[PDB]
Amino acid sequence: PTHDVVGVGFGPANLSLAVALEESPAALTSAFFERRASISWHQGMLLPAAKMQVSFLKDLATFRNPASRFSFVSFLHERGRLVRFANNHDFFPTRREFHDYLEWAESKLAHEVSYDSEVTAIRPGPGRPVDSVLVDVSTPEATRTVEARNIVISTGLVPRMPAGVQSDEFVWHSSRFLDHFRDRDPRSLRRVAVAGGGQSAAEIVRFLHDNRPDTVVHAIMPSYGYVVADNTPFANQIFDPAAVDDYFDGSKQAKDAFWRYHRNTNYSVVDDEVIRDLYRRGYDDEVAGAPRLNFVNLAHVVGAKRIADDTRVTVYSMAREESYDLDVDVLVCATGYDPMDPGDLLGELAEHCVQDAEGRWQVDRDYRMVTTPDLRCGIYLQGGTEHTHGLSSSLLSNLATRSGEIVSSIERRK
């Protein structure tokens, strides 16, 4: 049994793909494999006040199909919370509500996703030219192989630790913050260092500040203060379907300009509202004569070691061009992520995939990897297209159109 398309991973990207498949009149067979027991959308960072960074209109389908049964609005309606939501006049749902939306959409699908199923490799199917791929799937009990004419890789961002710092029992990456934080006896995390100046760093500091009154927090970041995230309307355009065209067709000089001017729309920046809230907290503590937030600016974390009952963080100060130590109970590294790497699961098939001068996967407009004539199977990327398709690659801005484009591509080639 050969599937038209197999999806690796089941986060929002492949979920929108599943939705696109179901709404398409094309009869395409599919299977999706997710390593986790269920949809798990950055749960480590599902903090109490966390808000979506995108508008609810930017959901799984609406931009493609304004009357989708899978729209966020449909979700609200079924949950009897559309009227209440509209009264709030906030375009940005909470992360918690959105996570619910995902699970609701997944349930509504006719198709059934295979959970607890980790794709370990993707191999050339039999014959030349290669007309199918073999997908090696590991479940807790067994292992098996499924065959597919096309494959869509959507395995998500990859946590990035500072150079020279390894995650450990008292050194956490932000992605696994709540995982670790639930364990730990409250009276044992009185001193926390948080590395980073981005959205993750800010949210974690805010959470620590609100959730227990006596925690002392060291916010260590290279900038002089949080840099504001740019969500102004002209800016939000870089995420419009048509802007993806602009970026794709543009010269390397144009692509650079994109990053040079508009990297602030997403990377190493903090939403305006979160910034103000942190500032208000700092101000009120000063008034109360009880400072707890220590902003260590123009600095990086360059090392961590456990010494007795204290995690010793080595900080490099740019202002003084000197390193020094910082003893705390826990170091949380909110130091960001690396892009999805298409090459991960590809071994041999990577031989048939085409790189450019600088070594990067070549990708067609329809998110399909460029291959030699030895490969006729479609390898599509949702994620890992930062170089070719732009800033929207890892984000939720363009789920509907990207998924739709991929489905159409697959139908066209069938």
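In this text, residue numbers run from 1 along the sequence as written. Whichever C-alpha set is largest while still superposing within 1.5 Å between the two forms counts as the rigid core.
Engineer: Between 261 to 269 and 278 to 286, report the one with more C-alpha displacement in 5 other deposited structures of this protein relative to this form after a rigid core superposition.
Structural biologist: Between the two stretches, 261 to 269 moves farther in 5 other deposited structures of this protein.
Engineer: If the other structures are each fit on the rigid core, which stretch ends up farther away in C-alpha terms in 5 other deposited structures of this protein, 195 to 203 or 181 to 189?
Structural biologist: This comes out as 181 to 189, the stretch further from the shown form in 5 other deposited structures of this protein.
Engineer: Which is higher on mean Cα B factor in this entry, 195 to 203 or 304 to 312?
Structural biologist: The entry gives the higher C-alpha B-factor average to 304 to 312.
Engineer: Averaging the C-alpha B factors as listed in the entry, name the stretch that ends up higher: 111 to 119 or 134 to 142.
Structural biologist: Higher of the two, by average CA B-factor, is 134 to 142.
Engineer: According to the Cα B-factor stored in this entry, which of the following is highest: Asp90, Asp249, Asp271, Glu78?
Structural biologist: Of the options given, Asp249 has the highest CA B-factor in the PDB entry.
Engineer: Taking the values straight from the PDB record, which of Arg281, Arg182, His262, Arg95 has the highest C-alpha temperature factor?
Structural biologist: In this record, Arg182 carries the highest C-alpha B-factor of the candidates.
Engineer: By its CA B factor, does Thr62 count among the lowest, middle or highest third of the modelled residues in the chain?
Structural biologist: Within its chain, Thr62 is a lowest-third residue by C-alpha B-factor, going by the deposited values.
Engineer: Among all modelled residues of this chain, ranked by Cα B factor, put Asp366 in the bottom, middle or top third, i.e. lowest, middle or highest.
Structural biologist: Answer is middle: the recorded C-alpha B-factor places it there.
Engineer: Name the third of the chain's ranked CA B-factors that contains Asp344, choosing lowest, middle or highest.
Structural biologist: Its C-alpha B-factor belongs to the highest third of this chain's values.
Engineer: What third of its chain's C-alpha B-factors does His209 belong to: lowest, middle or highest?
Structural biologist: Tercile = middle for this residue's CA B-factor.
Engineer: Check where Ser55 lands among this chain's C-alpha B-factors and tell me if it's the lowest, middle or highest third.
Structural biologist: Middle third by C-alpha B-factor.
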